Amino acid sequence: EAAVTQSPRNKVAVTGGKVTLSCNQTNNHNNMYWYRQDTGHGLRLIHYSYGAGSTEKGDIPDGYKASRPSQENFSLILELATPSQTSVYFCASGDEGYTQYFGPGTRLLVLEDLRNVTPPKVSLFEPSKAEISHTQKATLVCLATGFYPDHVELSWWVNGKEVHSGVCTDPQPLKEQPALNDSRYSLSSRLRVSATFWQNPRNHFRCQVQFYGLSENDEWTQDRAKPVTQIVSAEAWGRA
Amino acid sequence: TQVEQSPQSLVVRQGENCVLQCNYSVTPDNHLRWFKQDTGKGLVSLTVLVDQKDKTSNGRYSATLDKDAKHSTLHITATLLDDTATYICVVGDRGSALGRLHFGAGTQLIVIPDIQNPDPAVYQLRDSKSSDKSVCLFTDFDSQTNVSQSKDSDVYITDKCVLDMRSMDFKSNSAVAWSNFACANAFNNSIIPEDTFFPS
Amino acid sequence: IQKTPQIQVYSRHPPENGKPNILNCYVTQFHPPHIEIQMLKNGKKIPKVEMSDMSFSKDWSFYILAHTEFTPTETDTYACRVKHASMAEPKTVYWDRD
Amino acid sequence: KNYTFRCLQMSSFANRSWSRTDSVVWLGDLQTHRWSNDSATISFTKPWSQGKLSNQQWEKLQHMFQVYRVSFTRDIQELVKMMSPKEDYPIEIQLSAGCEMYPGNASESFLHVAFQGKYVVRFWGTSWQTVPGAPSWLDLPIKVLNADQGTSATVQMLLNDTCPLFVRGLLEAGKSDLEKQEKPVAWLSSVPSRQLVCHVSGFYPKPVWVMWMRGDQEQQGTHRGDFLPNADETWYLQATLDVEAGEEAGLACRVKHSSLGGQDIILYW
Ligand SMILES: CCCCCCCCCCCCCCCCCCCCCCCCCC(=O)N[C@@H](CO[C@H]1O[C@H](CO)[C@H](OCc2ccc(C)cc2)[C@H](O)[C@H]1O)[C@H](O)[C@H](O)CCCCCCCCCCCCCC
Ligand SMILES: *[C@@H]1O[C@H](CO[C@@H]2O[C@@H](C)[C@@H](O)[C@@H](O)[C@@H]2O)[C@@H](O[C@@H]2O[C@H](CO)[C@@H](O[C@@H]3O[C@H](CO)[C@@H](O)[C@H](O)[C@@H]3O)[C@H](O)[C@H]2NC(C)=O)[C@H](O)[C@H]1NC(C)=O
Ligand SMILES: *[C@@H]1O[C@H](CO)[C@@H](O[C@@H]2O[C@H](CO)[C@@H](O)[C@H](O)[C@H]2NC(C)=O)[C@H](O)[C@H]1NC(C)=O
Ligand SMILES: *[C@@H]1O[C@H](CO)[C@@H](O)[C@H](O)[C@H]1NC(C)=O
Ligand code: NA
Ligand code: NA
C-alpha cells in the first residue's frame with residue numbers, strides 16, 4: 001500500500017551538467033534513502049534523511065548532494081555530473097520499523113558529449129498472409145532505428161491501451177555500425193495476436209518508442225532538429 | 001561485502017526446481033529478505049525471515065534461514081518463464097529504522113520455456129507505410145535452435161526472444177532480420193531445422 | 001549543568017612518621033565523568049598512582065578512588081589536585097594528619 | 001541479606017565520531033566485573049565472577065554484550081542525527097541495570113537510563129518508556145527503540161530470567177567474600193579552629209557504630225562523616241566532636257563492629 005515514486009524514470013545527461021533525481025512519498029514516512037545499483041555490487045547507500053531539513057551521508061556520498069525540503073520529497077543532486085555516476089538509482093522510505101519501501105528506480109546515463117544524440121525512426125511491419133494461413137496467428141514487428149543513445153522504452157498499444165500479452169522486445173538494442181565510435185542503435189519488438197484479432201478493422205495497433213535525449217534547457221549548436229526527449233510511434237489498422 | 005550469493009548465474013528448464021543461496025557475515029543479523037528483480041524493474045519482496053531457524057513459503061517460493069550458520073536458501077519450485085530475473089538477498093542489522101541494509105549482488109536465473117508444438121518458418125513482413133521495405137521473421141522454432149549473426153555486416157539479426165500469449169497458453173520463439181536481401185538467405189549462417197517453412 | 005567535585009584525602013592505616021602507608025584521594029559528586037587526578041608530594045607529581053575504575057552512585061554522580069604508597073614525615077606535604085571542566089582553576093586538597 | 005546487583009554503564013560521546021563506553025559491575029559493595037572501552041572482553045575482578053555459569057553459557061552471554069556495545073554506540077549516533085538539531089554533542093549516557101535479590105526466590109529487575117546525568121528512560125514490562133520529568137523529544141527515540149522486537153525480547157529474557165539466575169549463582173560462589181569480616185583500627189586527632197576526630201579504618205562490612213563518649217554518656221555533638229572506600233575493599237569513617245579547649249580529658253571514642261565480636265574499641269584522649 002505504501003508506494004514511492006521517482007522522477008524522472010530515465011535521464012540522459014552531459015559531463016559537468018547538473019542532475020536532480022526526485023523521490024516522492026505520501027505515506028508520511030520520516031525516513032528516506034537513496035541508493036545506486038551497479039553490476040557486481042549490491043545496492044549502496046548514498047544519502048538518507050530522518051526528516052525535513054535533515055540529510056545524512058551514506059556509504060558512498062562523494063559527488064552527490066541530498067535535499068529534504070519536505071516530508072514528502074527527497075532529492076538527490078549531482079552538481080557536476082560524471083560518467084562514473086551512470087547507474088540505476090533507487091529511493092526508499094520507511095517509518096520506525098525495519099522495512100524500506102523502494103521506488104521503481106531511475107536510469108541515469110552521463111555522456112561525455114551530447115553531439116551524437118538522435119531520436120529513432122519507427123516502422124511497423126504488418127503480419128504476413130502466409131503466417132496467418134499457416135498458424136492462424138498474426139505477428140506485428142516494430143523496428144526502431146538510428147537512435148543514440150540506447151535509452152528507449154518500446155511499448156505496444158491496441159485501441160489506446162497498452163498490451164503486454166503476446167509481446168517480446170529485444171533485451172538490448174544492437175549497433176548499426178559496430179566499427180564506429182558512437183554507433184546508432186536499432187531495436188525490434190514483436191506483438192503476436194490471433195488472426196481474427198488482426199483481421200478486425202476496428203482494432204488500431206500502435207508501436208510506441210519513448211526516447212530519452214536532451215531537455216529544453218540543453219544547448220544545441222548543430223543544424224538538425226534538437227534531439228529532445230520525445231515519443232516516436234508507428235501505427236496500422238486491422239484488416240480483412 | 002558481507003553478503004555473498006551463489007550461484008552467480010544459472011540456466012534451468014521450465015518445470016525444474018532450483019536452489020539459490022546466501023551467505024553473510026553481517027553482525028548483528030536481525031532479518032533476511034529475498035527480492036525478485038525483473039530486468040530493468042524494481043525490487044519485489046518475496047519473503048522475510050526473522051527467526052534463528054526460520055522457514056517461510058510464498059506460493060512456489062520457499063526459504064530457510066540458519067542464523068548460526070549465517071546461511072539462507074531460496075527454493076523455487078516448478079520454474080516458469082516469468083521466474084527469469086535477478087534474486088537478491090538482503091540482511092538487515094536492526095529490527096528498526098536504525099538499521100542498515102546489506103545487499104547481495106544477486107543471482108541471475110534464466111528459465112528456458114517449453115515449446116509444445118514447434119512449427120519453424122521464415123515469413124516476410126512489409127512496412128505499413130512504404131511497402132518497399134520489409135523484415136524477415138524466423139518464428140516458431142524450438143529452444144534447441146541457435147540464431148547466429150549474419151556474415152554480411154549490412155544485414156542485422158536480433159537474438160532470439162520468446163513471447164507469451166497468456167490467454168491461449170501459448171509460447172513461441174522468434175528472431176528478426178533486415179537489410180538493404182531475401183528471407184531465404186536471411187538465416188543462412190544459422191543452423192535452422194530442415195523442416196523450416198519458406199512460403200512461396 | 002556541571003557539578004563541582006568533592007575531594008577527600010585520608011590514610012589507610014594510622015599515620016606514623018617513617019612508616020610506609022597508603023594515601024587515598026576520594027573524588028566524588030562530579031559530572032561529566034572526564035576528570036584529571038594527581039597526587040602530589042611537596043607539590044611534585046607522584047608516579048604510578050593507582051586508580052579504581054570510575055563508577056557512579058544512585059544519584060548518577062561519578063566517583064573514583066586514587067591511592068598511592070606513601071611514608072609520612074614531619075616535613076613532607078601530600079596533596080590531591082583535581083582539574084574538572086566545572087572549575088576554572090584546579091582544586092588542591094592537602095592531607096592533614098590531624 | 002538483600003544484595004543489589006548493579007551493572008553500571010558510562011558512555012561519553014564527544015562528537016560525531018569519538019565515543020567511549022566503560023562498565024563496572026557490583027554485587028552489593030563488591031566489584032565483580034570491569035569492562036574497559038579498550039578491552040574486547042569483560043574482565044572478572046573476583047575468582048567467582050563467572051558465578052555458576054558454564055564456560056559455554058558465559059561465552060554466549062559475553063558475545064551478546066559484545067554485539068550490544070557496538071550496536072548501542074551506533075544507535076546513539078543515529079538517534080542524534082534523528083533529533084538534529086534539538087540535541088547535540090557532547091552527550092553523556094549512563095545505564096544502571098540489574099536485580100535486587102529478596103529471600104525465597106524473589107527478585108525485582110530494573111534497567112534505568114540517564115541522559116546528561118538525568119534519569120529519563122527505563123525498560124518496564126515489555127517496552128521502553130520515559131519517566132516523569134523527561135523531555136518530550138524522547139518520544140521519537142522511544143518509538144524507534146520499541147519498534148525493535150528483537151531487542152525487546154532479548155532484554156525481557158535478560159531482566160526476567162538471566163539476572164536472577166546469574167546472581168543466585170554469584171551469591172553461592174562468592175559466599176566467603178561476601179560474608180568476610182575485617183577488623184577496624186581506630187586513632188584520634190585534633191584540629192584547633194577545637195575539634196576532635198576519631199578515625200576508623202579497615203572495617204568490613206559497612207554497618208558500624210562510632211560515638212564520642214564521656215564515660216558512659218553519649219556525646220550528641222558527634223558528627224558521623226560519609227563512608228569512604230579503601231583500595232583493599234574495606235571502609236573508612238570518621239566521627240568529629242566539637243569541644244571547648246581544656247575539656248578534653250575524659251573523652252573516649254567507642255567503636256562497635258560485627259568483626260570485633262563484643263570487644264568494642266575504646267580510645268581515650
Ligand atoms: C542486565 C543485567 C543482566 C545480568 C547479566 C550478567 C552480568 C554480567 C556482567 C555484564 C557486564 C556488562 C555490563 C553492561 C551494562 C549494561 C547492561 C544493560 C544493557 C542491556 C541491553 C542489552 C540489549 C541486548 C539486545 C541488543 O544488543 N540490541 C542492539 C542490537 O539489536 C540487533 O541485534 C539483536 C541481536 O540479539 C537483535 O536481533 C536478533 C533478534 C531478532 C529477533 C528476535 C525475536 C530476537 C533476536 C535485535 O532485534 C537487533 O535489532 C540494539 O542496537 C539496541 O538498540 C542497543 C541499545 C539498547 C539500549 C537502549 C537504551 C536507551 C537509550 C535512550 C537513548 C536516548 C538518547 C537520544 C540521543
Ligand atoms: C518479563 O516480565 C514482565 C513484567 O515484569 C516487570 O518488568 C520487567 C522488565 C522487570 O523489570 C520486572 O522486575 C518487572 O516486574 C512481563 O511484562 C508483562 O507482559 C504481559 C504480556 O506479556 C503484560 O500484559 C499485557 O497487559 C496489557 C494491559 O496494559 C494488555 O494490553 C496486553 O494484552 C497484555 O495482556 C503485562 O502488563 C506486562 N507487565 C508489565 C507490568 O508491564 C513480560 O511478559 C516478561 N517477559 C518474558 C518473556 O518473560
Ligand atoms: C572505544 O572502543 C571502540 C571500539 O573498540 C573504538 O572504536 C574503534 O576505533 C578504532 C581506532 O582504534 C577504529 O579502527 C574502529 O573503526 C572503531 N571500531 C568500532 C567498532 O567502531 C573507540 O575508538 C574507542 N574509544 C577510545 C576513545 O579509545
Ligand atoms: C572529538 O572529540 C575529541 C575528544 O574530545 C577531540 O580530540 C576532537 O576535537 C574530536 N575528534 C576528531 C578528531 O574529530
Ligand atoms: Na534493518
Ligand atoms: Na541531535
Side-chain angles (χ1 to χ4, degrees), chain C residues 53-61 63, chain D residues 1-11 21-35 42-54 56-69 71-72 93-115 119-131 142 145-146 148 150-180 205-207 233:
Chain C
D53 305 310
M54 191 161 296
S55 202
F56 57 86
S57 303
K58 285 191 210 185
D59 75 336
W60 300 100
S61 71
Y63 63 82
Chain D
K1 197 200 275 79
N2 299 140
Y3 291 91
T4 300
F5 176 76
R6 281 185 181 89
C7 304
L8 302 179
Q9 186 193 317
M10 297 146 266
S11 293
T21 296
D22 301 280
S23 298
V24 295
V25 175
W26 299 90
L27 183 54
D29 61 2
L30 293 187
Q31 186 178 349
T32 58
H33 303 78
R34 155 185 51 254
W35 193 16
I42 301 161
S43 304
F44 300 149
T45 63
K46 290 292 192 296
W48 43 269
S49 287
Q50 194 174 305
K52 291 292 187 192
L53 290 190
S54 71
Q56 194 154 106
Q57 290 174 112
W58 174 253
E59 280 287 301
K60 271 189 194 175
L61 189 54
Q62 183 176 236
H63 180 250
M64 187 268 308
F65 279 117
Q66 288 170 325
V67 171
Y68 159 74
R69 188 172 72 176
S71 302
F72 169 91
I93 294 183
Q94 298 159 264
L95 262 81
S96 179
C99 46
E100 191 171 9
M101 307 297 281
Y102 311 111
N105 287 180
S107 58
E108 274 198 58
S109 291
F110 58 86
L111 203 178
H112 298 154
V113 180
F115 173 83
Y119 175 42
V120 285
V121 164
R122 77 183 178 158
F123 195 92
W124 191 249
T126 58
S127 66
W128 303 98
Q129 66 176 214
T130 54
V131 301
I142 289 304
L145 287 169
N146 279 335
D148 183 357
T151 294
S152 172
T154 307
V155 175
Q156 278 179 64
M157 202 183 77
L158 221 42
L159 296 182
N160 294 10
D161 305 337
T162 305
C163 197
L165 185 72
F166 176 67
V167 177
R168 280 297 167 211
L170 269 187
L171 285 171
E172 288 175 59
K175 188 171 177 181
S176 65
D177 271 20
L178 286 163
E179 286 177 358
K180 73 189 167 78
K206 210 179 189 199
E233 293 196 309

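The figures here come from the full heavy-atom set of this structure, side chains too, leaving out hydrogens, waters and symmetry mates. Each chain gets a letter, A, B and so on, in the order its sequence line appears, and its residues count up from 1.
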| Worked verdict on D/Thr151 versus D/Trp128 for side chain to side chain donor-acceptor pair (under 3.5 Å) | CA-CA 10 Å; D/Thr151 294; D/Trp128 303 98; over 6 Å; no

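- Counting heavy atoms from C-beta outward, D/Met64 and D/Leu158 have side chains that approach closer than 4.5 Å.
- In this structure, CG on D/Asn160 lies 12.5 Å from CG on D/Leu165, to the nearest 0.5 angstrom.
- Aromatic ring pairs are classed by plane angle as parallel below 30°, tilted from 30° to 60° and perpendicular above 60°; the pair D/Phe166 and D/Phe5 is perpendicular.
- Atom NZ of D/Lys175 is surrounded by 12 or fewer heavy atoms from other residues, nucleotides or ligands within 6.0 Å.
- Looking only at distances, a side-chain donor or acceptor of D/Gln62 sits under 3.5 Å from a matching main-chain atom of D/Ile42.
- Interatomic distance, CG of C/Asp53 versus NE2 of D/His33, reported as 12.5 Å (0.5 Å rounding).
- With a 4.5 Å cut-off on side-chain heavy atoms, D/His112 and C/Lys58 do not count as touching.
- Within the 4.5 Å cutoff, the side chain of C/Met54 has no heavy atoms near those of the D/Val24 side chain.
- Residues D/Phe110 and D/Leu159 approach most closely at O-CD2, 3.9 Å, considering heavy atoms.
- No more than 12 heavy atoms of other residues, nucleotides or ligands shown are found within 6.0 angstrom of CE on D/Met157.
- Contact record, D/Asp177 with D/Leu30: O-CD1, 3.7 Å, taken as the closest heavy-atom pair.
- Considering all non-hydrogen atoms of both residues, C/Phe56 and C/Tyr63 come closest at C-CE2, 3.5 Å.
- The backbone N or O of D/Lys52 lies less than 3.5 Å from no partner atom in the side chain of D/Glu172, so there is not a single donor-acceptor pair.
- A distance of 8.0 Å separates CH2 of D/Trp124 from CD of D/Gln129, quoted to the nearest 0.5 Å.
- For the pair D/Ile93 and D/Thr21, the minimum side-chain heavy-atom distance is 4.5 Å or more.
- Taking the side chain as every heavy atom from C-beta outward, D/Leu145 and D/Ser127 never approach each other to under 4.5 Å.
- Taking every heavy atom of both residues into account, D/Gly174 and D/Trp48 meet most closely at CA-CD2, 3.2 Å.
- Minimum interatomic distance between D/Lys46 and D/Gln31 (heavy atoms only, all atoms of both residues): NZ-O, 3.1 Å.
- A 4.5 Å side-chain heavy-atom check between D/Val113 and D/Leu111 finds at least one atom pair inside the cut-off.
- When only modelled atom types and interatomic distance are considered, D/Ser11 and D/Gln9 share a side-chain donor-acceptor pair under 3.5 Å.
- A donor-acceptor distance shorter than 3.5 angstrom exists from the side chain of D/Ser49 to the backbone of D/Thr32, with no hydrogens or angles considered.
- For the pair D/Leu95 and D/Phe72, the minimum side-chain heavy-atom distance is below 4.5 Å.
- Put simply, the side chain of D/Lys1 never gets that close to the backbone of D/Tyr102: no donor and acceptor are under 3.5 Å apart.
- If you check the side chains of C/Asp59 and C/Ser61, you find a donor sitting under 3.5 Å from an acceptor.
- Although no hydrogens or angles enter the test, the distance criterion places no donor-acceptor pair under 3.5 Å between the side chain of D/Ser107 and the main chain of D/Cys99.
- Remark: side-chain polar atoms of D/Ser152 are paired, donor with acceptor, to backbone N or O of D/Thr126 under 3.5 angstrom.
- One finds the CZ atom of D/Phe123 at 11.0 Å from the OG atom of D/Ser109 (value rounded to the nearest 0.5 Å).
- Nearest approach of D/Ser54 to D/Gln57, heavy atoms of both residues: N-NE2, 2.8 Å.
- Under the 4.5 Å side-chain criterion, counting only non-hydrogen atoms from C-beta, D/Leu8 is in contact with D/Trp26.
- The aromatic rings of D/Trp58 and D/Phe44 sit tilted relative to each other, their planes meeting at an angle between 30° and 60°.
- Within the model, atoms OG of C/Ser55 and CZ of D/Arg34 stand 12.0 Å from one another, a figure rounded to the nearest 0.5 Å.
- Here the side chain of D/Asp22 pairs no donor or acceptor atom with the backbone of D/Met10 at under 3.5 angstrom.
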